[PDB]
Structures are given as C-alpha cells and as structure tokens.
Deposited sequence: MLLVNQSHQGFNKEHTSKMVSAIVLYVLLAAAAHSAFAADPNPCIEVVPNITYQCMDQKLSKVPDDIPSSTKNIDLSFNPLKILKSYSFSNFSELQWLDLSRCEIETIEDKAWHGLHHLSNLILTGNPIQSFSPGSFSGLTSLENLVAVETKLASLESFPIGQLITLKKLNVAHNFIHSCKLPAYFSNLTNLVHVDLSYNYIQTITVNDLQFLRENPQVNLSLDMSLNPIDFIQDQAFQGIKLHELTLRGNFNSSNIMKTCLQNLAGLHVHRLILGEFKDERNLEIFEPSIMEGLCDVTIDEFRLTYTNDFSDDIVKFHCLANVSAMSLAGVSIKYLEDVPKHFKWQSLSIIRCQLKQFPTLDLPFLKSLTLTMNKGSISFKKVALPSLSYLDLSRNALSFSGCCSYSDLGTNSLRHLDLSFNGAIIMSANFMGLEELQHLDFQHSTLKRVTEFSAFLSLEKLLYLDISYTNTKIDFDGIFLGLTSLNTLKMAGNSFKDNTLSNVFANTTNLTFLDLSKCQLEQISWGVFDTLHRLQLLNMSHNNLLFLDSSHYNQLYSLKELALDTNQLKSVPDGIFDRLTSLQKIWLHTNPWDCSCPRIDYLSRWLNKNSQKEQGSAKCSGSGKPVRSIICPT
C-alpha cells in the first residue's frame, strides 16, 4: 500500500485513514498528506525502533492519550499543518529520547499549556506560524536541559517584558537561541534584556517604522548575543527608510557576530556604524551595498563575509586583525584590487565573475600567513608572479576560472607547501614540462577539462612526488609519453577517463605501487598489453566500461581472465563491441 524506499517507508498522499504492512524494524515513516483525522492510542506500539515520523498535513484534529506508546526511539516528530490546537495533558506521553518537535501551524496559542515539560531530551522546538501572543519563556523550561533552539517565527508576539525573559535571567548557564522573525514587535520593556544571554537572536521582518525599530533596539540593552541577525524580506513589510542611527541601541548590546540580511533601504554607512566596531565577525547577505571603503582602522573584525551582494568595486581593506575574508556570489562583475591585510589566512573570492590581473604575490594581499585561496568560478586570472611572499599557501583553487599565461613559466614555484591545487576547467593547454615545478608537497592535483599540446601527456609530474590524487579526466588525451608516471610511488587515485586514448603502454603503470583506484572508462581502447595491471598490488577499484573492446581470441585472453579473477574490483561492465557481452565472460579456447 505504501512505497518501500529501503527500514524506510514512504506513505505520502496515499489517501490513508490510519497508519500495518510495515516491518517493526522500520526507522523512518513519512505519513504526510493523508486524512488521518485522529491519532488513536496503541497505534505505533509495533514500531520499536522508529526514529523519524512525518505527520505533516494529516488533517489531525485530535491526539488521543498514549497515542505515541511504543516509540522509545523516536527522535524527530513533525506535525506541521494539523489543526489540533488543544494539546491534552500527556499528549506527548511515551516520546522519550525525542529531540526535535515540529509543531508549526497547529493553532497553538501559548507555550504555558504545551505539555512538553517532560521531554527532557528535547533539543529543538519549532512552534512557528501559530497563534502565540506572548514571549513568556515558561517555567518548565528548567527540566528541558537540552533545549537549545526555540523558533517563535511568524506569530503574534507584540511585546517583550522583563518577566517574559525571567527564565533566562534566573538561569544564565542556559545556552538558548531564539528566532523571533515575522513577529509584529512594537515594544520592549525597559531592562527586559538586562542579565540576558542568548546564542543566536534572529530579528528579521519585525518592524514597519524606523522609530519603533530604534525604540526596540534601545531596549535590547544588556543582552549578550553570540550572533545577532537583522534584516527584512522582499515579500514583506519593510522600513521606508533605514538610517544608521536606528542601530544606536546596539551600543549597549555586546555582539560577537553581526549579520545583516536584505533591507529595502540601504546606505553603505550602515555597515560602518560605530556600534559595530568591536564585533569580531561581520556578515552581509543579500545586502544592496555598492561600495565598502573607509572602514575605521580600529574596528576589531576578525572575519568578514559578503554573500550575494552588489559591490560595484573591489573593497579597499586595511583591517589589521582581519583573519578571514569571504566575497562570493557578487552580482555583476568586478576586477580585483590590491589589499593590505597582514592577518589574512583565509581568502575566498569565488563565484564573482572576477578578473584578477597580476596573480599572484605578496604585494597583492599584504599577508605572509595566507593558507587558503579560492579564486574558482571567476573570470580571467592573468598569471604574472609565482607566489613570492605566499609560501605558506596550502589550498589553491582556480576551478572554472580562465587562467592565462600559467603555461608560460613556473607560476607555482614558491608553493613548496601546497597540498591542494585545482586548475580544472580553466581552459589551459599545457605545453611546458615545468608548469608544476616547486609543488613538491602537493597531494591533490585536479586538472580535469583541459588539454595538452599534441594531445600528449608530457613529463609534468617529475617533481610532484607526493601526489596521492590525480584527475586528468576530459583532457582530450590521445597518448602518454614514456616515463610520465615513474615517480608517482604514492599515487592512490588516477582518473584518465573521458579521454581519447587508443592504446596503453604497460610501463606507465609498472610503478604505481600505491594505486587503489584507476579510471580508464569512456576512452577508445580496443585492447590492453598483456600483464598491464599485474604490478598494481594495491588496486581496489578499476573502471574499464564504455570502451570498444575487441573480444577476438586470443587477443582478449589476458583481459577477460583478469576481469574474471578480479570481478570484485571492476566498477561498471566492460563490454565486447558488437555483441555487448561483458568481457569477464569471454573464455578463449
């Protein structure tokens, strides 16, 4: 009657009237979009180890008592969209070890009469889109010692008083995050947040007028937030104007991480407002910021994150304690401009359609401790230096960016400590054997989607001894020069699939003593030299499918016998051309 997925059964939208063709061992049951109407008792007694129960949109109007008997392992219960409204006492009897309760849109009216006081294991409580009018954190929250997140979004909370937050003032050891979004808050009582500590406080889409917001943020005074999230939504009520003075109240709040989301009105001054000077992590997302200049040098930001914004110019940054810079998914296109960030160790400038002319050396960044450079998914990156000043670099990513002039010198000569390089799909045509000189520590080389001069794999890996991962797929390779793999004694994965190889040579694989995975599928091979795989003493997986193998005897004898004895290693099925017969099945006379 249902749909067996795995242990996992999917009974969604099956017009069912009640939950019995399911094994007792089942650990996940999705029963949503069924007109169940009543949850009768004893019902789930035969599901001893059920973990995930989804009862969304089941038209349930009544939860009987002990209706959840036998569920001594259920950790996730989801009752979204059920008009049950009145939860009887003992409504959640039996639900031990449950840690995630989703009661969205259940016509719930208050937390004080929510019979969850005995779910000691509970960690997350989502009661969004209900009728809750009060912000009161109820008394029984003291038994819920594992509760760390409460979602009160999309309710009717208008006021925050000192007695609403009484539970946290009494218990400063409690680690709690509150989601207040889409609540029409217009008044916070004086001192209501004094002596109050929260991990994450989300206040998105609450305010319609500038002055009600300024008044309410003033009465945040005394709050300690690890992360404060402010903003609005495009499809909701917005501030007609957003003056930086609206955030005056934040000077009495101690904030570790500040996060600004979309605001209909925005000025670049908002991000440089002085109450943000001592924030340690600053973050913008969906913000219509156009320029980021003149950030006061005494700002103590250690990380800065700019996602899906609208920067017209690459920011000029002098923040002397900034350790991590992220600028990603920027709208339009920008050209890189030099920076001077002497504490910078993490730089992510990916997915910006960014152009970089002068990559790369110390003078571009002003740091000696950069370890992570992500320039992937960008525009043209014109190489002109070989990373002098940047020798601590361990992770370098150019994926899907147009590298230029990288094959015209040893552009990575200083990167003696580099472990991860990705030049895949960078439109590079390699015609210089010394392109990878200096990369003596490299473990991972991903260079898929490129090409080689004369479609020939040249001796470019002579001094990358510590390679363990080498992806050469989709490089249009037609042949391989002698000795190219002689040094790769530690290589564990070699992907040469999706090329145009017509022949192999035994000598290329005679010294891959550490090789575990070898991908030769989707080429043009019709045979292999006898004994080509005989020294791959570490081989675990090999791909040979989508090749036009010639199964005439005695030509295919070695391969057919090798594929049969090592049938556990082959992934996919190498097939004979013409007949489609698997090669492992051929027995030569």
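Counting from residue 1 of the deposited sequence, the stretches lacking C-alpha coordinates in this chain are 1 to 42, 49 to 50, 64, 635.
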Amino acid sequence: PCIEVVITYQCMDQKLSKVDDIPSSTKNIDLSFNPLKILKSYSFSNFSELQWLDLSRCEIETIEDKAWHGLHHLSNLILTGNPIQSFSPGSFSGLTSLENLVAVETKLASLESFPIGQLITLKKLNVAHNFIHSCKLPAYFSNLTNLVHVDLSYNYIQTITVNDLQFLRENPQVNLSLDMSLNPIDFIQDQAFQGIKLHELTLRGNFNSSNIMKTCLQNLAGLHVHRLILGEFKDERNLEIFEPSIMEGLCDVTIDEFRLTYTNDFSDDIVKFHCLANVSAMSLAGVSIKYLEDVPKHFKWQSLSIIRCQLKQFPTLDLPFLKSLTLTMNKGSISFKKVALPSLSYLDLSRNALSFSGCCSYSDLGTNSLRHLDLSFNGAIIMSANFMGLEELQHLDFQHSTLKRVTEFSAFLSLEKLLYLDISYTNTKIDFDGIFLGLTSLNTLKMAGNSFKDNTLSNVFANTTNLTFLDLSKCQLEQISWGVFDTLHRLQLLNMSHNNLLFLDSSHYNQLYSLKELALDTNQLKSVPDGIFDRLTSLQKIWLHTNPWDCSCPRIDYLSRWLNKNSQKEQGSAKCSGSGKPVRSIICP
From here on, numbers count along this sequence of modelled residues.
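Definition used throughout: the rigid core is the maximal C-alpha set that superposes within 1.5 Å between two forms.
Here 463 to 471 and 195 to 203 are scored by the root mean square distance of their C-alpha atoms in 5 other deposited structures of this protein, with each structure fitted by the rigid core; the higher score goes to 463 to 471. Superposing each structure in 5 other deposited structures of this protein on the rigid core shows that the farther-lying of 136 to 144 and 474 to 482, by root-mean-square Cα distance, is 474 to 482.
Mean CA B-factor, 198 to 206 versus 367 to 375: the higher value falls on 198 to 206. Relative to one another, 240 to 248 and 489 to 497 have unequal mean CA B-factors, and 240 to 248 is the one with the higher figure. The PDB entry gives the largest Cα B-factor of the residues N171, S335, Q479, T326 to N171. Each of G94, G449, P320, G286 has a CA temperature factor in the record; the biggest one is found at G94. Annotation for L502: CA B-factor lies in the middle third of the chain's modelled residues. When the modelled residues of the chain are ordered by C-alpha B-factor, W562 sits in the middle third.
Annotation for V528: CA B-factor lies in the middle third of the chain's modelled residues. For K516, the recorded CA temperature factor ranks within the lowest third of the chain's modelled residues. The PDB entry assigns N219 a C-alpha temperature factor belonging to the middle third of its chain's modelled residues.
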